[PDB]
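Worksheet: one structure, shown below.
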There are 2 protein chains.
Amino acid sequence: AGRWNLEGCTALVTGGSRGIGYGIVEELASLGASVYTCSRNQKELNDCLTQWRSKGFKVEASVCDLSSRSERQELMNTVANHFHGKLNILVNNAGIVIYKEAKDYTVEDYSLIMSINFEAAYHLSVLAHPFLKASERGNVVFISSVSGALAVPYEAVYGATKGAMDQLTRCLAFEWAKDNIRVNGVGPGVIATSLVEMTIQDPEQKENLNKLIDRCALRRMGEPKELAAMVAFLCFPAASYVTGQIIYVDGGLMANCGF
Amino acid sequence: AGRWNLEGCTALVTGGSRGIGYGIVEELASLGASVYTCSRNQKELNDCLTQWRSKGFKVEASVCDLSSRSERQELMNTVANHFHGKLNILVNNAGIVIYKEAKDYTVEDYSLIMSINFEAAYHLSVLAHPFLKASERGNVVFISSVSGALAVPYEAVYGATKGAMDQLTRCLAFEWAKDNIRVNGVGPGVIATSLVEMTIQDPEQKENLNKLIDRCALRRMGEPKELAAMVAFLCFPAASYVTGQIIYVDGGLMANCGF
Ligand SMILES: NC(=O)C1=CN([C@@H]2O[C@H](COP(=O)(O)OP(=O)(O)OC[C@H]3O[C@@H](n4cnc5c(N)ncnc54)[C@H](OP(=O)(O)O)[C@@H]3O)[C@@H](O)[C@H]2O)C=CC1
Ligand SMILES: NC(=O)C1=CN([C@@H]2O[C@H](COP(=O)(O)OP(=O)(O)OC[C@H]3O[C@@H](n4cnc5c(N)ncnc54)[C@H](OP(=O)(O)O)[C@@H]3O)[C@@H](O)[C@H]2O)C=CC1
């Protein structure tokens with residue numbers, strides 16, 4: 001792979017059937033990377049591959065439910081073989097939201113979200129490790145969130161799962177340093193995905209969301225591709241010295257206080 | 001309570017039989033409050049009650065394994081009855097550590113730390129909400145850690161539970177503000193507790209701790225009564241404007257880079 005491209009690198013992106021995941025798969029594939037993705041639905045995954053492959057992308061995908069530990073270890077075996085035991089990139093993007101107050105969560109809501117958003121990202125992380133090592137040049141990216149560092153309505157537990165993700169990141173950077181793996185986190189602000197439109201369906205979630213956009217410097221939502229670009233760059237060999245960092249692609253949201 | 005005392009306020013402090021917790025029970029009681037604590041050992045708790053009651057501190061304690069949903073509701077039911085449905089202070093001090101690299105952690109290990117470190121704290125704050133609210137002047141304080149923001153050897157997963165806890169502190173301070181509850185965190189640095197005596201028994205860990213201590217301006221371990229003094233202040237009516245903060249009592253550990 002060259003300094004500013006991933007020509008020839010193998011990558012695994014979770015939750016790539018839509019949104020940011022879908023933008024990350026396209027961005028990486030278009031820069032030379034060979035990709036593997038997964039979602040909980042096959043028909044959807046297949047329609048994705050149809051579009052992706054008409055563009056000459058090298059991509060493969062398969063149905064996986066990241067809340068199922070056993071299914072997670074199945075996916076790694078499958079990807080490991082697909083790439084012949086060499087994986088350069090692991091992009092932990094899969095995530096789910098549950099819009100409730102902290103005191104309104106059920107043990108089911110909490111157990112579900114902590115296993116898909118954190119545990120799963122952590123588990124695949126550890127599973128991919130030996131394959132990331134054998135790549136001689138591994139890279140791990142976690143898709144965090146601004147809500148993992150600041151209070152946002154209805155995202156206390158959701159924010160808790162990302163805040164834990166952010167820390168695993170910093171540590172893993174030092175723990176896998178000698179293994180040639182660089183670990184970084186990318187925190188999206190507000191990106192126009194399917195998760196957002198489903199949100200705005202609510203006349204209150206819609207009101208909460210227009211408050212966030214009005215709090216950006218750019219005063220608008222990002223695009224999956226503007227976000228996927230940060231992820232892509234971190235994997236280029238030109239970012240050899242960047243590790244253990246949580247970078248936000250939020251149009252300025254993070255830096256704002258009274259604007 | 002006067003502005004600089006906790007005269008008359010009731011408090012529950014998880015894990016008050018040793019270390020920081022034991023110290024917090026002393027500082028709140030010593031400042032005029034009625035405390036209720038818990039640990040997983042009756043005998044231990046019974047010597048404490050004798051020590052505390054001997055000094056004139058109003059205090060009660062019951063046994064409880066915070067890593068158990070049912071035992072947790074059991075303890076809140078008892079606290080609430082002991083205090084007549086009014087709770088001013090809740091200090092989520094209990095915690096454990098399993099010193100393994102992230103990849104070496106077993107599932108049983110993961111379940112243990114997450115449940116005691118972030119689940120019981122989160123769950124207890126919720127069951128307490130009505131009594132804190134009924135109390136008319138609530139204050140929740142979460143004992144976090146420096147390892148919840150910075151990479152430390154063998155604390156990748158320990159540090160994730162704390163990173164999660166920190167984010168939950170910031171949102172609660174916003175969700176519960178109207179209920180007149182203030183929510184803060186206090187991140188200890190290296191405090192001379194039973195958790196530390198145990199640790200420094202192993203030569204390599206003894207070497208790591210010495211690295212930490214060597215990295216704070218004051219170059220020395222804090223004392224339990226030093227961490228407790230900050231918890232008590234935040235409960236004072238004097239700190240009525242402090243909410244949603246994570247404050248570190250670490251001898252300067254969080255400001256250092258090259259010292
Ligand atoms: N755009 C935004 O507003 C922001 C999003 N984020 C974070 O960005 C990431 C992606 O968000 P976004 O693209 O908007 O989400 P979308 O809902 O648009 O897509 C999420 C993708 O992940 C997949 N997925 C979810 N759960 C699983 C599972 N259990 N097993 C396998 N695949 C799964 C989904 O597939 P399927 O549904 O078929 O299972 C889907 O392809 C998340 O981690 C989110 O927390 C953070 C801040 C902002
Ligand atoms: N000491 C240090 O340097 C630092 C400590 N901390 C934090 O400080 C807090 C206290 O630590 P520290 O005093 O050092 O530790 P100790 O081990 O000295 O004390 C922990 C206390 O919590 C109790 N506890 C642990 N698990 C449970 C459980 N499952 N159910 C009920 N009680 C429990 C213990 O009782 P028992 O074992 O008898 O059940 C004990 O009373 C923790 O939240 C820790 O994460 C953070 C950074 C630094």
Side-chain angles (χ1 to χ4, degrees), chain B residues 1-64 66 72 75-95 120-121 124-125 127-128 131-132 134-144 181-186 188 191-195 222-240 242 247 249:
Chain B
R3 191 132 157 303
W4 289 102
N5 73 59
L6 306 166
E7 203 84 44
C9 312
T10 51
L12 163 58
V13 172
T14 69
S17 65
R18 289 180 324 250
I20 288 182
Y22 181 94
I24 299 175
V25 163
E26 288 210 318
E27 186 78 52
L28 303 177
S30 88
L31 278 175
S34 193
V35 218
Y36 199 106
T37 202
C38 59
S39 152
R40 263 168 319 179
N41 197 347
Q42 199 55 68
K43 194 270 186 136
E44 229 164 47
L45 271 194
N46 279 336
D47 295 341
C48 293
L49 291 179
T50 281
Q51 271 153 201
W52 296 327
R53 300 189 154 143
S54 130
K55 289 175 181 203
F57 298 163
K58 279 162 184 241
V59 85
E60 192 47 87
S62 110
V63 155
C64 158
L66 292 182
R72 291 200 292 254
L75 168 82
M76 193 64 250
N77 219 235
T78 301
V79 158
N81 277 339
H82 181 78
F83 289 131
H84 303 127
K86 303 278 245 327
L87 192 73
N88 285 104
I89 314 173
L90 172 62
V91 184
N92 282 124
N93 183 84
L124 270 195
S125 302
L127 296 164
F131 316 111
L132 278 158
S135 104
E136 284 256 75
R137 205 186 77 67
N139 254 310
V140 173
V141 179
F142 300 92
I143 310 298
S144 179
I181 300 171
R182 277 196 297 114
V183 193
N184 303 279
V186 181
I191 302 279
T193 88
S194 92
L195 181 141
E223 286 157 32
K225 83 180 108 118
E226 271 170 338
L227 192 297
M230 173 76 68
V231 181
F233 168 74
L234 284 163
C235 294
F236 285 154
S240 51
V242 197
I247 294 146
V249 180

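Just so it is clear, the values below take in all heavy atoms, side chains as well, and ignore hydrogens, waters and symmetry mates. Within every chain, numbering begins at 1; the chains are lettered A, B, ... in the order of the sequence lines, protein sequences first and strands thereafter.
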Evaluate the side-chain proximity of [Y] to [X]: yes if any heavy-atom separation is below 4.5 Å, no if none is.
X      : Y      : result
B:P224 : B:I191 : yes
B:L75  : B:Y36  : yes
B:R182 : B:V141 : no
B:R18  : B:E44  : yes
B:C9   : B:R137 : yes
B:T50  : B:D47  : no
B:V79  : B:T10  : no
B:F83  : B:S135 : no

Roughly how far, to the nearest 0.5 Å, is [atom2] of [Y] from [atom1] of [X]?
X      : Y      : atom1 : atom2 : result
B:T78  : B:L12  : OG1   : CG    : 10.5 Å
B:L227 : B:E27  : CG    : CD    : 11.0 Å
B:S34  : B:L6   : OG    : CG    : 11.5 Å
B:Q51  : B:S17  : CD    : OG    : 10.5 Å
B:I247 : B:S144 : CD1   : OG    : 11.5 Å
B:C48  : B:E26  : SG    : CD    : 9.0 Å

Of the non-hydrogen atoms in [X] and [Y], which two are nearest, and what is the gap between them?
X      : Y      : value
B:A228 : B:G23  : CB-O, 3.6 Å
B:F142 : B:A121 : CE2-O, 4.1 Å
B:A232 : B:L31  : CB-CD1, 3.7 Å

N/O donor-acceptor pair under 3.5 Å between [X] side chain and [Y] backbone:
X      : Y      : result
B:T193 : B:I20  : no
B:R53  : B:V59  : yes
B:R72  : B:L66  : yes
B:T37  : B:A61  : no
B:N92  : B:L124 : no

Exercise for review: Verify side chain to side chain contact (heavy atoms under 4.5 Å, CB included) between B:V231 and B:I143, making sure each step is shown before the conclusion.
Suggested key: CA-CA 9 Å; B:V231 181; B:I143 310 298; 4.0 Å; yes
Check your understanding: Parallel under 30°, tilted from 30 to 60°, perpendicular over 60°: which one fits the rings of B:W4 and B:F233?
Key -> tilted
Check your understanding: Parallel, tilted or perpendicular: which fits the ring planes of B:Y22 and B:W52, with parallel below 30° and perpendicular above 60°?
Key -> tilted
Practice item. Run through B:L132, B:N88, B:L90 and flag the one making a side-chain contact (heavy atoms from CB on, under 4.5 Å) with B:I181. Key: B:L132
Point to revise | Working for side chain to side chain contact (heavy atoms under 4.5 Å, CB included), residues B:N139 and B:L234 | key: CA-CA 8 Å; B:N139 254 310; B:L234 284 163; 5.5 Å; no
